[PDB]
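A.B. asks: The structure under discussion is supplied below as structure tokens; questions concerning it will follow.
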Amino acid sequence: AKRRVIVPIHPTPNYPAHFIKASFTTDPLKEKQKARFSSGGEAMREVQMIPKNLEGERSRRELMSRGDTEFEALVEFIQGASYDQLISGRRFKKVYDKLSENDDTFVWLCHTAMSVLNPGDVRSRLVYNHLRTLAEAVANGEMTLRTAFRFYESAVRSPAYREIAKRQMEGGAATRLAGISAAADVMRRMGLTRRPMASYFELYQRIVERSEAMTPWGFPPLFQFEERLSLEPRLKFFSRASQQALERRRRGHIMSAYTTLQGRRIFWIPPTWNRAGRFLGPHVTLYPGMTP
Amino acid sequence: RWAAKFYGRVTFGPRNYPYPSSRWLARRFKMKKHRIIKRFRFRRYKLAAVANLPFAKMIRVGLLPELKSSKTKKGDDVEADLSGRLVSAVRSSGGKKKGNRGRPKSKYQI
Amino acid sequence: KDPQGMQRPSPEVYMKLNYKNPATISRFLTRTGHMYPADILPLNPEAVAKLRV
Amino acid sequence: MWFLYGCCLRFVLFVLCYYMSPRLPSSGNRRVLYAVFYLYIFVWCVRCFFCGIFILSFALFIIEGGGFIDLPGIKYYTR
Amino acid sequence: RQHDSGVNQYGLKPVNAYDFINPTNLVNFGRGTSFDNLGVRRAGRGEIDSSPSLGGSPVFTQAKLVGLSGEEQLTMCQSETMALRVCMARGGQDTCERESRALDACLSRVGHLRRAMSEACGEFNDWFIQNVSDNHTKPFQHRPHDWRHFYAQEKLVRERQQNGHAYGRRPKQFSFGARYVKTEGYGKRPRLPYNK
Amino acid sequence: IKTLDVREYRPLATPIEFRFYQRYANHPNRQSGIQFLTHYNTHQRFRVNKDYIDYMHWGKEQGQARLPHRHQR
Amino acid sequence: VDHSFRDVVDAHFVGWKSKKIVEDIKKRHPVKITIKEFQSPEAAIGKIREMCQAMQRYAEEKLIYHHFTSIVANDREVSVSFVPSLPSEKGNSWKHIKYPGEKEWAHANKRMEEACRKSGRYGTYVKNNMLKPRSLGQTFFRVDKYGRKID
RNA sequence: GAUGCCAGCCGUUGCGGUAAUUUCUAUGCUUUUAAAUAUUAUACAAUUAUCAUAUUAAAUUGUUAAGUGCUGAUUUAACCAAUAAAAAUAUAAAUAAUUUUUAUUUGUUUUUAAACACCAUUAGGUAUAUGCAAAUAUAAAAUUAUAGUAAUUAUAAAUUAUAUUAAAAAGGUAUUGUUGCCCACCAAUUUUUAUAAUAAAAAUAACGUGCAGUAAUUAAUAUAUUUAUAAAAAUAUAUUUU
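In order, the protein sequence lines correspond to chains al, bb, m, be, v, z and bc. Start counting the first sequence at 16; every next residue gets the next number (the deposited numbering). Start counting the second sequence at 129; every next residue gets the next number (the deposited numbering). Start counting the third sequence at 108; every next residue gets the next number (the deposited numbering). Start counting the fourth sequence at 1; every next residue gets the next number (the deposited numbering). Start counting the fifth sequence at 20; every next residue gets the next number (the deposited numbering). Start counting the sixth sequence at 27; every next residue gets the next number (the deposited numbering). Start counting the seventh sequence at 226; every next residue gets the next number (the deposited numbering).
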């Protein structure tokens, strides 16, 4: 076969075991495959969503001196408008997630208000406490959205429930104002938000936006909350991207896939002459225009 | 029928295999059956069984010296009256008769 | 409301569905005499029987 | 264990020592001893294996059966 | 939590033994897989593996419903043309003398109208994906062999009539002239199977 | 037949039906399943010579075309 | 109606192939053999000849009347052509199965040698010293896993 | 330390290709210490289980249909003979439980002087439920194998680029995967035997005809008539493991 032999690279002072084992493989049935990635100091925490395991005084110092994280994220996003920095989608996305942190509780309470025909008297402290304790444990991750909604629609309300209902409701589906007032009260009693009006605003606007859909108040129980297989976030039900619903539009060059770097592209991983055929850099401009 | 429909457990997959038999095993056993049918059709296999014989103990007409195909082998010993019946009937199946219920008439019948 | 067409035709149409009644026959057959298939014109089974015969 | 005929070890008689090739992926030239023995007045032939060693010519062989080896069809081995 | 629970930082999350023995399935579902679309064998719009499925079978006639590219009539400029048998039979290709103003007047509404109908069908897919599509997780029904058990029923019945013996046996094909040339004494109209 | 596997075959998705055959049925005319809670003279709803179930049309009112109608339960 | 085949051939193929093509001769149909993939003009002509000696050996028993026309042997081809007698008038006039003879055999052989030296190409395909493994089963001598004694 | 697909280990997947923790030896080492190895007895299901051990079932016959002008390029991809126009009707209605175990019974049917169709080929036969003929619809104990042969085989969703949407839906017997696998006849071999041209089956790794299966080059699978260098095909049925 003219068989190829690769002597295994052994660890050295210079070339450590980790690199010599992942940057190199002695079995050449993987050669020239592609570039893998992994995350280190802060990329790992950013992706893995591992919350800091708290402590007493020290974690509480780091945690108390936090201040308005949503704002400080915004500060860090805009500061990319200064001279020495560029506005970065990574900053915008840290802002976007620091603002969309309470997605779970919001999508839930919206489902509760608007998908639960006849939810007792939610303003009555009984069902209000069911609501508070469930949404409280929907945030804080102790409960899932699906199981918590079942706990809500299953909690104990009033004996002879259908019989009390068929006296108050023709088709069974009551007025939703008590419900949404209860949910806004929920998220403003539980400090789900640092800036209070935000709770109500999302609670209100997500509902308003859904009010436009066909079957705007039915949800297929599978996709409705979390499960194995879900919908893309543009297609989630009470989500923030559902209004960001759009798409892209492409006119490719005759040579468009080749030039994948030539444009004014931001490079995280800069090219070097070993992969770079004739590319010059994202700053060069062969065809300049005169201007003061 | 005296024939064996399945020459082999064609249906063998895991229980609940929602079909009689996978196409693989069906092809395997159709190869076994093509071998059996070509063996029979090419050694000109002929069997027979007549009334008031023990119908389970078949007659090997192709193992008769009047219809033998081999030369070094000896086919079978059969009473003379029954032999004159059978082999005359084998000759009789050499043609199908217009004016009766027709029959599938093969070359390998003769 | 009645999918497989148990309520089509109207009771009069039966009594007028006989053999001497091509007039009320031909109001359930295609322009060529074909029956409209059961997925398409869902007829009552008695109607279909009286109509074929 | 058909030819062991039930006893734990069966004695037989050398005839030929022919070489058979094992079943793939394995590779070798395995020593198949075509033996015989009379038992229950019929006399029988026993195609066997040889894992033992031989110093003196002895058509006394103690065939005890074993597992499967890379050879297809040899259930008997030597003691 | 902060992420969806049907994926792990390595792919889809394995639930049962199938996932754990064949973990290709968790990270590969067609030539259009993307780490956001993982496992979800509907992926984006326009890419490959994107079609919504209505109860198993997948959907590819989404415009052919609205009437874009299916049964294009639109009639707005069509009635105009069919009207102008003068400027239909002239050099059919001018702002001819008078009527090609009206032709473009109709088509100016055609354009806006079909943009509205197309956005309708776009929202239709983005709705039917929410509240109807199984995402190909349920078995097909567009073939006559997902109704194996509906043909078993009307085989079992015809058996029961055939004395519980000739299950699946059918009536042998007779002829063109079977009931009217065959002779006296042999059943001209094919009996059921269990008569023979 | 050739008595040994010619194929390095290893298909990995074992249907729950192929394993737990004591519970699901993949034969046609056995999908009706075990219905002890009918009235019929059997528990094996596919052996009841009585009411062969139309499969495409029923079920609008009773769940599936298996289960008995809500006027016979 | 041509019938070609490769060089290395068992008497199995010779018998039933000559039988196939000569039955074709019995069917009025045109007849031509050729090897195109031959290791040498000698193997090519030998295969032609074993085929023809099966052909005519069958033809005499089966009572067929067909006459040979040409043998077009070249660098890249060793062919025979045959032509049958369609009606029995032609047959009875010429109750003849006509195949070429030893002279034409050797002469076409020499012609092909002269052309294959004009070309310097002696075989359109080559048998390889690459031996595939072979297991000898019953054997009174050690053998390599390819079929050669262990010495 | 030798051995190098060999010799050998082999409960076992498998190992042994010049660095074998899978051989031999040496040496240590290892153990929970009546030693090691060989042959046997050692506790189906019952709620759902596809090929040949049925039985409470309504059914059987209905005499309808289509035909003479004229001058000739239809049919199919390509041929080939040589008139071609044609076959619809009937409901209630037969009670269930008890020993028919040969009884009956599960798609070959009479006739062109009446045709389609199919097959062979210009020169015909066949042209469709009166004998005969159990047979899928599961009573179950691992594959093969005539119930003696090897140690299993079958299997399903992962993975595989183009079928005119305002770019969108597709398979694998392969498991880096079509330059992939398998398949049969075609040679020696072996081993058991119910020795039909040349017997049957089990294992295997030559040569050769091919390319028969993987939706695969006229879709495949079961049953059957015919056909034959072999994988198979024409035909007639069903059926989608298409």
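Ideal Cβ placement from N, Cα and C applies to all residues, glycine included.
What did DSSP end up calling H291 of chain bc once you bin it into helix, strand or coil?
C.D. replies: In the seventh sequence, the residue the question calls residue 291 of chain bc occupies position 66. In this structure, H291 of chain bc counts as strand in the three-state DSSP scheme.
A.B. asks: Pairs of beta-carbons, one from the segment 284-296 of chain al and one from the segment 160-180 of chain v, closer than 8 Å: are there three or more?
C.D. replies: Segments in contact, no.
A.B. asks: Looking at chain bc, is there any beta carbon in it that lies within less than 8 Å of the beta carbon of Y76 of chain be?
C.D. replies: Here the question's residue 76 of chain be lines up with position 76 in the fourth sequence. Not an interface residue.
A.B. asks: Say whether chain al places a C-beta atom closer than 8 Å to the C-beta of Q160 of chain v.
C.D. replies: As a first step, residue 160 of chain v must be located in the fifth sequence, where it is residue number 141. Not an interface residue.
A.B. asks: Name the chain z residues that come within less than 8 Å of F169 of chain v, Cβ to Cβ?
C.D. replies: Here residue 169 of chain v refers to the residue found at position 150 when the fifth sequence is read from its first residue. Ordered by position in chain z, the residues that pass the 8 Å Cβ test against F169 of chain v are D80, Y81, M82.
A.B. asks: Find the nearest neighbour of residue 108 of chain be within the set be:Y34, be:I41, be:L4, judged by alpha-carbon distance.
C.D. replies: The structure shown does not extend to residue 108 of chain be, since chain be is modelled only from 1 through 79, so no value can be given for it.
A.B. asks: Are the Cβ atoms of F234 of chain al and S169 of chain al separated by less than 8 Å?
C.D. replies: In the first sequence, counting from the first residue as 1, residue 234 of chain al sits at position 219. In the first sequence, counting from the first residue as 1, residue 169 of chain al sits at position 154. Contact: no.
A.B. asks: Scan the segment 214-240 of chain al for residues whose Cβ lies nearer than 8 Å to a Cβ of chain v and list them as they occur along the chain.
C.D. replies: Cβ contacts with chain v: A228, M229, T230, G233, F234, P235, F238.
A.B. asks: Where does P77 of chain v fall in DSSP's three states?
C.D. replies: Translated into positions along the fifth sequence, residue 77 of chain v becomes position 58. In this structure, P77 of chain v counts as strand in the three-state DSSP scheme.
A.B. asks: What residues of chain al sit near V46 of chain v, judged by a beta carbon separation below 7 Å?
C.D. replies: Position 27 of the fifth sequence, counted from the start, is the residue given in the question as residue 46 of chain v. In chain order: nothing, as chain al lies at least about 13 Å away.
A.B. asks: Does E262 of chain al come within less than 8 Å of chain v when only Cβ atoms are used?
C.D. replies: Working through the first sequence from its first residue, we reach residue 262 of chain al at position 247. Taking Cβ atoms only, chain v reaches closer than 8 Å to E262 of chain al, which makes this a yes.
A.B. asks: Within its chain, find whatever has a CB closer than 8 Å to the CB of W319 of chain bc; leave out the 5 residues flanking it on each side and keep chain order.
C.D. replies: Taking the first residue of the seventh sequence as position 1, residue 319 of chain bc is located at position 94. Contacts found: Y290, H292, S310.
A.B. asks: Please classify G206 of chain v as buried or exposed, where buried requires at least 16 other C-beta atoms within 10 Å of its C-beta.
C.D. replies: In the fifth sequence, the residue the question calls residue 206 of chain v occupies position 187. Exposed.
A.B. asks: What is the rounded straight-line gap between the Cα of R210 of chain v and the Cα of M280 of chain bc?
C.D. replies: The residue given as residue 210 of chain v occupies position 191 in the fifth sequence. The residue given as residue 280 of chain bc occupies position 55 in the seventh sequence. Going by the C-alpha atoms only, they are around 56 Å apart.
A.B. asks: Note down, in chain order, every chain bb residue with its Cβ under 8 Å from the Cβ of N52 of chain z.
C.D. replies: Position 26 of the sixth sequence, counting from 1, holds the residue named residue 52 of chain z. Residues of chain bb passing the Cβ test: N144, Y145, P146.
A.B. asks: Count Cβ pairs between the segment 347-354 of chain bc and the segment 264-279 of chain bc that sit closer than 8 Å; are there 3 or more?
C.D. replies: Segments in contact, yes.
A.B. asks: Along chain al, in chain order, which residues have C-beta atoms closer than 8 Å to that of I148 of chain v?
C.D. replies: Taking the fifth sequence and counting its residues from 1, the one referred to as residue 148 of chain v is at position 129. Within 8 Å Cβ-Cβ: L246, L250.
A.B. asks: So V234 of chain bc and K272 of chain bc are supposed to be a Cβ contact under 8 Å. How far apart are they, rounded?
C.D. replies: For this step, residue 234 of chain bc is matched to residue 9 along the seventh sequence. For this step, residue 272 of chain bc is matched to residue 47 along the seventh sequence. 6 Å between Cβ atoms; contact.
A.B. asks: Between which residues of its own chain and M202 of chain al is the CB-CB distance below 6 Å, once the five residues before and five after are set aside?
C.D. replies: Within the first sequence, numbered from 1, the residue matching residue 202 of chain al stands at position 187. Excluding positions up to five away in sequence, the list reads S214.
A.B. asks: Does DSSP put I55 of chain be in a helix, in a strand, or in coil?
C.D. replies: Along the fourth sequence, one-based indexing puts residue 55 of chain be at 55. In this structure, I55 of chain be counts as coil in the three-state DSSP scheme.
A.B. asks: CB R47 of chain be to CB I74 of chain be, shorter than 8 Å?
C.D. replies: Here residue 47 of chain be refers to the residue found at position 47 when the fourth sequence is read from its first residue. Here residue 74 of chain be refers to the residue found at position 74 when the fourth sequence is read from its first residue. The answer is yes: Cβ separation under 8 Å.
A.B. asks: In chain order, what are the residue ranges of uninterrupted beta strand (DSSP E) at least 3 long that sit wholly in the segment 13-55 of chain be?
C.D. replies: Here the runs fully enclosed are 30-38, 43-49.
A.B. asks: Helix or strand or just coil, what does DSSP make of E43 of chain z?
C.D. replies: The residue given as residue 43 of chain z occupies position 17 in the sixth sequence. Three-state DSSP puts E43 of chain z in a helix.
A.B. asks: Would the beta-carbon of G67 of chain be be found less than 7 Å away from any heavy atom of the ligand SAH?
C.D. replies: Ligands displayed in this structure: none; no statement on the ligand SAH is therefore possible.
A.B. asks: If you draw a straight line from the alpha carbon of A145 of chain m to that of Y78 of chain z, how long is it in whole angstroms?
C.D. replies: The residue you call residue 145 of chain m lines up with position 38 of the third sequence. The residue you call residue 78 of chain z lines up with position 52 of the sixth sequence. Between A145 of chain m and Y78 of chain z, the C-alpha separation is close to 21 Å.
A.B. asks: Going along the chain, which residues of its own chain have a beta-carbon closer than 6 Å to the beta-carbon of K113 of chain al, five neighbours each way excluded?
C.D. replies: For the purposes of this step, residue 113 of chain al is taken as the residue at position 98 of the first sequence. Once the five neighbours on either side are set aside, the close Cβ partners of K113 of chain al are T84, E85, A88.
A.B. asks: List the residues of chain bc that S21 of chain be touches, going by C-beta distances under 8 Å, in chain order.
C.D. replies: As a working note, residue 21 of chain be is residue 21 in the fourth sequence. The contacting residues are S360, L361, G362, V368, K370.
A.B. asks: Take every Cβ of the segment 115-129 of chain al, pair it with every Cβ of the segment 144-153 of chain al, and state whether three or more of those distances are shorter than 8 Å.
C.D. replies: Contact holds: three or more Cβ-Cβ distances are below 8 Å.
A.B. asks: Which residues in chain v sit within 8 Å of residue 13 of chain z, going by Cβ to Cβ distance?
C.D. replies: Examination of residue 13 of chain z is not possible in this model, given that chain z is present from 27 through 99 alone.
A.B. asks: How would you label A188 of chain al, buried or exposed, when you count the other beta carbons within 10 angstroms and need 16 or more for buried?
C.D. replies: Sequence index remark: in the first sequence, residue 188 of chain al carries index 173 (1-based). Exposed is the call here.
A.B. asks: Output needed for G190 of chain bb: all residues of its chain with C-beta closer than 8 Å, excluding positions within five of it in sequence on either side, in chain order.
C.D. replies: Here residue 190 of chain bb corresponds to residue number 62 of the second sequence, with the count starting at 1. Around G190 of chain bb: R171, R172, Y173, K174, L175, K196, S197, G203.
A.B. asks: Taking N144 of chain v and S72 of chain v to be in contact with their CB atoms under 8 Å, please state how far apart those CB atoms are, rounded to whole angstroms.
C.D. replies: Position 125 of the fifth sequence holds residue 144 of chain v. Position 53 of the fifth sequence holds residue 72 of chain v. That belief does not hold up - the Cβ atoms of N144 of chain v and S72 of chain v are roughly 12 Å apart, past 8 Å.
A.B. asks: Using the Cα positions of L192 of chain bb and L39 of chain be, report the straight-line distance between them to the nearest angstrom.
C.D. replies: As a position in the second sequence, residue 192 of chain bb is number 64, starting the count at 1. As a position in the fourth sequence, residue 39 of chain be is number 39, starting the count at 1. Those two C-alpha atoms are separated by around 39 Å.
A.B. asks: By a C-beta neighbour count over all protein chains shown, 10 Å radius and 16 as the cutoff for buried, is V110 of chain al buried or exposed?
C.D. replies: In the first sequence, the residue the question calls residue 110 of chain al occupies position 95. With 16 or more other Cβ atoms within 10 Å, it is buried.
A.B. asks: Taking the beta strand (DSSP E) that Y77 of chain be belongs to, which residues open and close that run?
C.D. replies: For this step, residue 77 of chain be is matched to residue 77 along the fourth sequence. Where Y77 of chain be is concerned, the enclosing beta strand (DSSP E) stretches over 76-78.
A.B. asks: Taking the CB atoms as reference points, tell me whether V305 of chain bc and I250 of chain bc lie closer together than 8 Å.
C.D. replies: Sequence index remark: in the seventh sequence, residue 305 of chain bc carries index 80 (1-based). Sequence index remark: in the seventh sequence, residue 250 of chain bc carries index 25 (1-based). No, these two residues do not count as a Cβ contact at 8 Å.
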